[PDB]
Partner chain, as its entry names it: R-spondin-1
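Just one chain is shown here, as structure tokens, and it is the form deposited without its partner chain.
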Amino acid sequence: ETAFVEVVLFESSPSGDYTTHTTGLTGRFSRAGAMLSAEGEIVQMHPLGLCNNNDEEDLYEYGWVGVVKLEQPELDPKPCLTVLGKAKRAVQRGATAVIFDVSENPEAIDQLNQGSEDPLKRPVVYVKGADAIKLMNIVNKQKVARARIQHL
């Protein structure tokens, strides 16, 4: 159930070319989703961005990997969707995978694994710890980055 995540970050050269930079992180496949690998360009999502008006413009170019840092649970107490619901909505919107940074809402792990009986066909990964920090520092400062999620 360990999720080996590779992030390919593109760093602007002074000539305005870009330089590939690869970083390694580790998370866990949630029992809520497939035990499969996935790869695609990272799109950061705010978690309250995964409540549905069901608009066409919400469908990102098929195959993106969504990165969602969960807020402290006493901040969005009337949440549109469960964390599990948010993962599904991400997949409906074209996500090949979702990574949850569960650092500020570690109870979210349990909330996901309760959906274990009807799992998503796509992987749902959670990160925390330094591994979440590394990913978020890439994502916050990274205009374009690509994630490769490898199972085993």
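C-alpha atoms forming the largest set that superposes within 1.5 Å between two forms make up the rigid core. Numbering follows the first chain given and starts at 1.
Omitted here: the form solved in complex with its partner chain. The next part is about that form.
When contacts are judged by a 4.5 Å heavy atom cut-off, residue 139 counts as touching its partner chain in the deposited bound form. With a 4.5 Å cutoff on heavy atoms, residue 119 does not count as touching its partner chain in the deposited bound form; it lies far away.
The shortest heavy atom separation between residue 106 and its partner chain in the deposited bound form exceeds 4.5 Å. Residue contact check for residue 110: none of its heavy atoms lie within 4.5 Å of its partner chain in the deposited bound form.
Taking 2 Å as the criterion, residue 22 does not count as shifted between the shown form and the other one: its C-alpha moves by less than this amount when the rigid core is aligned. When two forms of a protein are overlaid on their rigid core, residues whose CA moves 2 Å or more are considered shifted, and residue 107 is not one of them between the shown form and the other one.
Shown in the overlay between the shown form and the other one, fitted on the rigid core, is a CA shift at residue 13 of 2 Å or greater.
Note on residue 68 and residue 54: their C-alpha atoms are nearer in the deposited bound form, a change of at least 3 Å from this conformation. Whereas the displayed form keeps them at a certain spacing, the CA atoms of residue 12 and residue 139 lie at least 3 angstroms farther apart in the deposited bound form.
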